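Have a look at the structure below, then the notes.
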Amino acid sequence: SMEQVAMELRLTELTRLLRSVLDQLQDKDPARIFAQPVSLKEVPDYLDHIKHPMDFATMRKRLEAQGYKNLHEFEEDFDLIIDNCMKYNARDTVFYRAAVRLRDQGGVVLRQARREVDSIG
């Protein structure tokens, strides 16, 4: 149907905007602390602690399969990256501190993304 196509074009454009959002958030992580999944070879107990692991590479795979239907779903995954780190690592660690800085800096980006998603529809 033509409606299915129109819907698919909207998803494609959302995907375009989320890719740009993703790039901007990932620049707020210059140490690449959140670039890849936590290694279960190197942190064998991780899944005892963290039930839904997340990282930027995993988001990017979902993104490129057009697997985010709306900004809320994408933000859920970004929040997992931050929140998982802030539970697993103590306050006095470079990891926890990196998460706080990512959260703080990403807030700005996500605030305008929401306006853009609403504005363009």
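All Cβ positions, even for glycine, are placed from backbone atoms using ideal geometry, and neighbour counts span all protein chains on display. Each value in this text was obtained by applying a stated rule to the coordinates, not by laboratory testing.
Structure notes:
- Those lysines that a straight Cα-Cα span of less than 21 Å connects to residue 87, excepting residues fewer than 8 apart in one chain: 28, 41, 51
- What you get for the chain, charging only the Cβ of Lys and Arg (+1) and of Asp and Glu (-1), is a dipole of about 240 debye around the Cα centre.
- Our coupling estimate for region 11-26, obtained by passing each phi through the Karplus curve with A = 6.51, B = -1.76, C = 1.60 and θ = phi - 60°, is 4, 5, 5, 4, 4, 4, 5, 4, 4, 5, 4, 4, 4, 5, 5, 5 Hz, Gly and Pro reported as x.
- Cα-Cα separations in the chain greater than 26 Å, expressed as whole percent: 25 percent
- Evaluating 6.51 cos²θ - 1.76 cosθ + 1.60 at θ = phi - 60° for every residue in region 94-100, the Karplus couplings come out as 4, 4, 4, 5, 4, 4, 4 Hz, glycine and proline recorded as x.
- Across region 68-76, computed HN-Hα scalar couplings (Karplus, 6.51 cos²θ - 1.76 cosθ + 1.60, θ = phi - 60°) run 9, 6, 7, 4, 4, 4, 5, 4, 4 Hz from first to last residue, x flagging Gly and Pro.
- Value of relative contact order over the chain, rounded to a whole percent, pairs C-alpha under 8 Å and six or more apart: 30 percent
- Positive-end extreme of charge dipole, the chain - chosen from 7, 105, 74 (charges on Cβ): 105
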